[PDB]
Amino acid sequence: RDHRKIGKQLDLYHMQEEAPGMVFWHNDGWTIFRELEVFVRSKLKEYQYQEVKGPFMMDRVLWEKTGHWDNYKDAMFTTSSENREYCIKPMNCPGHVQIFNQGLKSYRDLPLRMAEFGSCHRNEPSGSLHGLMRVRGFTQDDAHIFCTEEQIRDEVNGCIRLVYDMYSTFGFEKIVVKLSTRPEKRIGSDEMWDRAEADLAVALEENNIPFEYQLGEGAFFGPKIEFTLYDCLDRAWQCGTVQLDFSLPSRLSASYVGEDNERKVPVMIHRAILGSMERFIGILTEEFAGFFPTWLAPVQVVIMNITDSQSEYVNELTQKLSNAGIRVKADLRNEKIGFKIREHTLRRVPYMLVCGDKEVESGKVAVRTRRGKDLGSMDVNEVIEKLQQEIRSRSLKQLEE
């Protein structure tokens, strides 16, 4: 049930000591990663987010200005060029503010929602590293919303709504919500912290979401709503996060022209829905025990012959399913079909299509699933249509399941 064991069995990724906490994504794990990006992007479109890309590193001077240097230096990787020191970014917020700061902004531009699949590096103590769930290089499905104070309620509500909308696709039954309050080391006044923490609490109450406080776990610049998911040992992992920030835009000289023609500082909401792709894939792997929903499955269909007699027909069906957009592979090896089926079951391939002479003559396929079910013979075109529907709806459940 451990995602590290399942990841090896399905050849999803590996890690090695030449790059501690750094993931090597193999083809099949990168397929899952990419499908999750496509899913997130479909939500970015619906909820009207920009998508940007900030640089990997920036001058230490800028990280000093935010307060990251004093409050985050231990976790930061640094490098140098031509007598200047750079920080590899542990967070995407300063880069998004650099983009916001190009060009004059008006209240008419707000709320401005700016998303990034943002690569973060944090020098986590090597003793704390754990598979995909705690790594040193990870990719957040991050975004920063620049808004007015009057827009905070609506924008925080929109993030909360987005979290439950995305999580319902995966069928999560245990989502534990925490409000992380001010940490001992922080910037911003007590009055600003009281306001930000109340805003989050009222937003959760308004959505009728039960939660508990988590004292001292907020960011150095603002409080957080945390959406907690659980692994196979029922350990709590922080995934989704909504953060309210009255401090960083001021520190980074962000402003916009208000209705009054006065210069104003935007509020910034930070949020990640999945958290990081790495930690979320870890959670999905354990939650599903490697039985990824068909739309996520690295290989959705394997087509297999009984003998070389049906090998041409298998090759035609494989091209046909591939042209219909299905991740399909042919298994033409000189092995018994029971052997093949057991192997692709261990690989958690949703569907196995067996082609005997009966199947070749009729243009049909015998359908087996990774759950051990025999689904009988079906017409090829009906199978394709059913798989396409299963994939496009991102269905959690297989045919006749």
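All residue numbers are counted from 1 along the displayed sequence.
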query	finding
Stretch with the greater mean C-alpha B-factor as recorded in the entry, comparing 124 to 132 against 110 to 118	124 to 132
Stretch with the greater mean C-alpha B-factor as recorded in the entry, comparing 293 to 301 against 324 to 332	324 to 332
Maximum C-alpha temperature factor, selected from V97, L274, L317, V242	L317
Options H144, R195, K178, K264 - largest CA temperature factor per the record	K264
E46, C-alpha B-factor rank within chain (lowest, middle or highest third)	highest
Cα B factor band for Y351 (lowest, middle or highest third within the chain)	middle
Cα B factor band for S362 (lowest, middle or highest third within the chain)	highest
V202, C-alpha B-factor rank within chain (lowest, middle or highest third)	highest
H270 - Cα temperature factor, lowest/middle/highest third of chain	lowest
